[PDB]
């Protein structure tokens, strides 16, 4: 029912590794400060996406048991979760409470960033769906770890070894759901449901970058490897 000392240890360790990320206030303040062209926003996106991959590899290496997995499976998990984890992190930043009228301006700035209108509606539908869940910092950290340690990822040789590492993270998350929302017993299932909505963003990620309203789509070598561009 309640968290065990081992689970609390796992939780604080996941929280410490996760907090090594970029400040949500820093990112939203830049977007809200002034309007940028589709070209400036494309450059901001590639820089933010390159840094996110680097921070994600460090968070993943610290995930208990990750370094014991086969080296090829290690790459397949990272390649399979990188884009999903970046969208989950954008949804987290999107739903952070801000002064009156700021989240309306943040939405309008993201709508006019340069992204193709075809992707605007599915993106905001996911962001709003995440927001309705009123997720805590610990829930975002554990859900990101669960997304990375997905055994049902493509090209995984040893799925059972991945399952063994994901299961204790799922157990901690379920206990937090029962504690933070005892009136909503559907909460844990709702979180796992939102992960299938995440997976549907992975299908058109390359197109989302290529269809950006710019003439030149320049990427860093690391981005070319993670996003398939």
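Just so we're on the same page, rigid core means the largest C-alpha set that superposes within 1.5 Å between forms. Residue numbers count along the first chain shown, from 1.
Note on 92 to 100 and 120 to 128: with rigid core alignment, C-alpha atoms in 9 other deposited structures of this protein sit farther from this form for 92 to 100.
Rigid core fits of the other structures in 9 other deposited structures of this protein place the C-alpha atoms of one stretch farther away on average; of 63 to 71 and 26 to 34, that stretch is 26 to 34.
The stretch 102 to 110 shows the higher mean C-alpha B-factor when 102 to 110 is compared against 79 to 87 in the entry.
Stretches 188 to 196 and 41 to 49 differ in mean C-alpha B factor, with the higher average recorded for 188 to 196. Within the selection 174, 54, 202, 60, the deposited Cα B-factor values reach their highest point at 202.
Going by the entry's values, 132 shows the largest Cα B-factor out of 73, 132, 138, 92.
For residue 64, the recorded CA temperature factor ranks within the middle third of the chain's modelled residues. For residue 162, the recorded CA B-factor ranks within the lowest third of the chain. Only modelled residues enter the ranking.
Annotation for residue 143: C-alpha temperature factor in the lowest third relative to the rest of the modelled chain, per the entry. Per the deposited record, the Cα B-factor of residue 123 falls in the middle third when ranked against the other modelled residues of its chain. The PDB entry assigns residue 10 a C-alpha temperature factor belonging to the middle third of its chain's modelled residues.
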